[PDB]
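One structure below.
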Ligand SMILES: Nc1nc2c(ncn2[C@@H]2O[C@H](COP(=O)(O)OP(=O)(O)OP(=O)(O)O)[C@@H](O)[C@H]2O)c(=O)[nH]1
Ligand SMILES: Nc1nc2c(ncn2[C@@H]2O[C@H](COP(=O)(O)OP(=O)(O)O)[C@@H](O)[C@H]2O)c(=O)[nH]1
Ligand SMILES: [Mg+2]
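Chains as they are written, first to last, in my numbering: chain A, 3 to 429; chain B, 75 to 500; chain C, 705 to 766; chain D, 102 to 163; chain E, 3 to 628; chain F, 918 to 1101; chain G, 79 to 163.
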């Protein structure tokens, strides 16, 4: 059982530059690449006393890539894994998908091919990118399409970072997001939404850090990924692989956009403050102040939900907590799913990374749900898209690169149809 | 990997470029003789951008000096950091245009442009992956405006796929040096709007005002003006030369700041800018840098930003910080001053962060704003041009060198329609 | 040869025993140049390569 | 192959004397006098290589 | 109350321009320390009397030609006038103090007839003032230029002066008694716009030699102040010329920006049969020096060669011999010191003659008996914090400002391990347990961490975050169970090793700085910013008694004798206190440490006391019964 | 080098447009010169190798004589200019019997000699710029019963103007060739 | 992807194959330094340079800057409810 991770764009590469030290810290691998069986899912032991990760970081600028090359983890990543282009997509989806993509994706996929052949029980794919930028949208979608035409059947966990509603660090990111999503629909099977403002708020309130940088955001995203992969990595009372999500979280072929949350986000002193049990952490995993995407679920109704647990957790307390939550009326499910909960338990508690602020908690829970809050999010993005498209702004860059307003029109109508499907299904 | 080719034209261009190269050499820690002597290793990894390696551990600038008078070259070689320039890049005339756009673009151009093009092209293949060209000059002089415009035309004709920065200083009626300023500026901007990918508009009046008010200096010398412009010049390109938590390409900035092909006239600022008497009573924090940056009196143009709307704006930071404080500060500046931004373009603010602050400072920032206030300055120049043209004053020295009236008429029409689109989108 | 990458083979990685996705059809493949290679590759015991060699030999023989 | 052979004289001389900074050879100005008057012609021959080495006593003896 | 005898001293300031200078007669060297000037016997390293009185750091020195009078200038806080102080080297007393310059005094210069002084001051002041030596009066002054001026020098007849501005100009000022004014004449540079750093005048006032930042010597013919031939023909030096001296012969000894010495011939000569003179050829290419040259002084006159004392920015004083007959410079470094502020020092367990003192980017191992530095380890660009030997002599732990703990070896300075991220920011305190398998660390975040080191790994155990302020010190008991952490929350916490919990919490109004166990672990002695020392009971936690010693300013330095009878204490002042333990009694010493003392210790063999301050100075004292 | 590379349909070992074209190559010049100058025909930078003795001045592909690059591409393509002087170039190849054959194409010889280790061949060039494609596989098949496997080094000699020497896997036509590999 | 990059990957592959090095740069030698210390302990007439040696490590990669201030004065800013972060 092994799953391969690929990272595209600055955001994805830094999320990986978080997740990998988290992983090697969990498995007791020193940065140079050797220990003083569970690692087999991520790190392949080659030769003698050497462990190499199953991932490729690829991007067109060389800055982040060679900063990783010269950083702390020089000996860990194989020098052939780190692919680097020559010039940015410059927040241009057309530039990232048609100019440099045609030159980079072939090498990228013929490297992931050798990765796959070295792999033997390959569980699936998982991609790390943010659609706001140029590369991670354009060439991310291109590589997605080519991997789909290569394998197709296998699951593709896409942990995609979407722009915040009101916090913004770009200009043409609505265009990039809609153009990427138009392909993200029919190729990925499980897409996990991530935001930035929601994580800022989470670390402001719960992690009570006044000036959070991208490092803490990436650290906690890595914690979430590790918590959702711990079922494959270790053994528990009730384990699930990557393929249970594929059947329990996608009721319809196109309605696949899952919101994530994690509990308990606790600092050092609040660990001694609050009593760590199962009922209160399961309760905390559901209010809007603890979810990774800034949206209000009360406007929507839940369709499916999955709860991974780590640590000293017995099925009694999780069963009681789920019963209490189902009896609760503040959160409402949908008629087409009477049994909307999927629990899973693992024995190993979460680890602590020296340098973060998270304290050593005996247990933790990760929540992945399907709702319509994604439906309002996409509607908001569509509105702010058509507002700018009404005046044909920034379209000259795309038409100069080689695209037209056609695919804009199809992306717009496809998102409209997507909203039609959400409002029909939520009924 | 990404390569910028620098070109200096005219007296102002040559002096500003000399100051800029001094600043860049200081930032990368190379001595005025050309040998690296810095301590940190961040400098080595990005010196290919402005310095081709030379034998003996010497680094030479990737810039071409162009003029027509021996005096400018003598001054450039006189000053400090003057021994690093490659002696064969001195493309050089003998007579001087003398504030004549005809002399700069039709008479002396016909025999200097070939040589300068050969040198520029050869320096272009000297680097593996081109990124763009940056030319520093004036818009009122002869050897800086006309010849610079012709070189831009030939370059953009040969290389149609590279970025183009034109750091051009523009006249002001209050600080007026020569007399044919409208005549030169109108034609120069006529060609720049159809040719240049973006233009960095500068003027002496705004720099003098900033030095009087914020810096509270007694004598604002040309050295000080050039130093401020040089700080801007290094700040705009720090992103390619240093790693940061949010790296921004020059083409990335161009795409984020150019919504329409002809609305590519930007206005510049820099922060912090305080007097020594007040340096000790101030902290160093993002809120105060942001308020100074967005203050209208920190701007380096004679155009009030409050008299128009900000189509787009961008801020490039240098120093160790938090993106949370950065983007919440941009949120605040967009929300409080909501009416000053355009309504059909959401998220009018681009932000970038770099991990290396300049020498001598704890933290720095650079503002670049594509607003619609530049139409005031353009109308200011255009009314002078029409007043001079209705009487055909000074026109005979232009018509006696090969020129006629149609190009002036077309330039006036182009400027009128261009300010018309600024007003229309305003 | 497989390290050189001149073999048009990928692993299907299916739920059942994995099959060989052939980039080109096996019918017109030049057997003279390929059969001795795979027959020599039968000898090795490493995990990712032995399966490929045996499956390729089986497919050509079939 | 230059379109004008004299097309670089002044610029090359100025670059050599000032731009490159190397010392320019300043010789053979003896006897030219001032301007506005004819130069006194020396009877020396330019082309002739009148070296005529004179090793009167520094020649080693076999 | 009785003064304590001051044994050897290590340290000097090399950043001061033209600071280190020799007495014209006999054996005497003098250099500026933190805020005091230090005399030394040139023959033997017996430190001479110090000259206090400066409010803050001294920044310029000048000596009369006869060697009887000395002038010193300091740098003060913004808005407070800096003062020039005059000393008599025969009778060491303050003679004149004159406070006229606004912020700082750039340079001072004495006259050939030792009658007048020239003072140039201020990055912003830029006013030249002429004083007289007979009385503490000022003759006349004048603003120099729009741009700041760096150096001032007199002629050998002294009605005239020359100054060179930092940026772009040079002037010659003549003084007349008719108007009591200074008349300046500006230099006639053809086109050069160089940045001058140092100037020297000939022995007969015909030319002056100034070093530019472009890296070349520049010769100006005086009495008309005309430009002439430039400096080295074999290219310029690696950075700006920083130091210049005049050989008694017709040569100039020039020190460039990167430890490069050169001897340049001064006589002009025409080359290529042209009126143009060739550049000054280097008659000798001197070897490189580690530090950036900042001071050159002609020490001795010998018919066989000339001796010069050279200071460096890395604070390394060199003695260089120049032989005009056979052109070769011979260099021997005589003393080394810390260039920057130092913080924290360590002693090997029951071993005396080793010091582990670290400054910005530098670890240094010193030998006690002869003060000679034995080893140095250099990291490129980092700030050092608390360092400590392990209880076994195997490893030396060091904290770093980037949040990393690195362990080095005693011999050959090999790094054995490093922790990639121990704290989110700079770590401030590190202590080692008696078993040499566990280490305690504390950073500015306010959390204490514990690390277990195995032969191949370093693992982190539970981390406690009681403190809300920077952890200032950590001390472990003879058995590893007990450890005290003193921070800036006003609280000292006692921890337990077997279970990572806290026993008690000593509290005070102000920030705790240092805490020390009493021998036999009977009590605790703590010092903070309340100006009060407090005795605490080690078991329950209770204030036994409070001593108000040194109420003038804060105190952050504590150490106790091995038996427990004497207690040495530092402070924010410049004096070192020696108390008895059971009673409040003083045996302190006052005159030392021009900068505030930051750490102190007593040698295990109960013979010597070592003190280190905010300036790069290590003061070896002599211990005595309290 | 190059053993872990991708080795797609195209692969360049020396390109005349770059900061340091000759980084893997080892220039060895005696009684000659090497330059990077702008040609007057194609208006770009090309490298000139010139020498009195063609056997003295040359540039080899791998800098370390012992360490040899690894390229499996069959075709080797040069883009050169005929200076009407002597010019030659040599390539090493490896056969399946694990022995090293050598192919040397020269402008100044008449017969086509075949030896166990070296095959010397004549070449005839047109007037100006021309691209020569070598077809290592076919040449190995004709010179020996073996077949082509691997290339170990390449080395071009004096009197040549050079730009964009590269490897390929097919007999690409001019129209289907990518733009940066064309002549104009 | 490119030739320069491929050469860089080869060089870095070799550098990862080689064992890690504790010392980036050394002066003099440990053996000669030990003899210098030995003669110093035995007697006199030992030059300063003989005893003095320095070793340079990799150290920090970034330039030296004063430390950041993460938290301002506690009386100025607070979270939603209260506290001191
Ligand atoms: N969570 C998280 N998001 C990031 C981080 N860095 C950048 N991003 C996001 O990435 C988006 C833009 O894409 P970038 O990653 O900056 O760059 P890119 O995707 O490679 O696109 P180009 O800049 O055109 O090359 C921004 O809107 C950010 O929200 C990070 O460290 N953490
Ligand atoms: N900032 C700055 N501006 C300058 C400098 N020198 C000249 N200028 C400006 O340039 C304008 C005249 O341009 P000019 O020298 O005639 O251009 P040219 O004839 O092409 O060389 C004047 O209005 C000045 O304000 C300088 O050193 N710094
Ligand atoms: Mg990017």
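Heads up, the beta-carbon is just placed ideally off N, CA and C, and yes, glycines get one too.
Could you please give the first and the last residue of the uninterrupted alpha helix (DSSP H) stretch that includes residue i?
i: residue 737(C); result: 735-745
i: residue 208(A); result: Neither: residue 208(A) is in no alpha helix (DSSP H) and is coded neither H nor E.
i: residue 1004(F); result: Here residue 1004(F) belongs to no alpha helix (DSSP H), and DSSP marks it neither H nor E.
i: residue 228(A); result: 216-235
Would you say residue i lies against chain I (beta-carbon separation less than 8 Å)?
i: residue 83(G); result: Protein chains A, B, C, D, E, F and G are contained in the structure displayed, whereas chain I is not.
Need the endpoints of the beta strand (DSSP E) that residue i sits in, please.
i: residue 130(E); result: 129-134
i: residue 332(E); result: 331-338
i: residue 1039(F); result: 1035-1039
i: residue 345(E); result: 344-348
i: residue 331(A); result: Premise fails: residue 331(A) is in no beta strand (DSSP E) and is neither H nor E.
i: residue 231(E); result: 228-232
i: residue 47(A); result: 45-47
Mind checking whether the beta-carbon of residue i lies closer than 7 Å to any heavy atom of ligand 1?
i: residue 138(A); result: yes
i: residue 198(A); result: yes
i: residue 165(A); result: yes
i: residue 1024(F); result: no
Assuming residue i contacts residue j (C-beta within less than 8 Å), just tell me the rounded distance between them.
i: residue 196(E); j: residue 220(E); result: 7 Å
i: residue 521(E); j: residue 566(E); result: 4 Å
i: residue 248(A); j: residue 191(A); result: 6 Å
Would you say the beta carbon of residue i comes nearer than 7 Å to a heavy atom of ligand 3?
i: residue 135(A); result: yes
i: residue 63(A); result: yes
i: residue 90(A); result: yes
Indicate, with yes or no, if ligand 2 has a heavy atom lying under 7 Å from the CB of residue i.
i: residue 217(B); result: yes
Contacting positions in the segment 391-409 of chain A - beta carbon closer than 8 Å to chain B: Listed by position along the chain: 392, 393, 395, 396, 398, 399.
To be precise: take each residue of the segment 193-216 of chain A, compare its Cβ to all Cβ atoms of chain G, and keep it if any distance is under 9 Å. Which residues remain? Answer set for the segment 193-216 of chain A: 206, 207, 210, 211, 212, 213.
Please list the residues of the segment 80-107 of chain A that have a C-beta atom closer than 7 Å to any C-beta atom in chain G, keeping them in chain order. Closer than 7 Å at the C-beta level to chain G, one finds these residues of the segment 80-107 of chain A: 81, 82, 85, 86, 87, 106.
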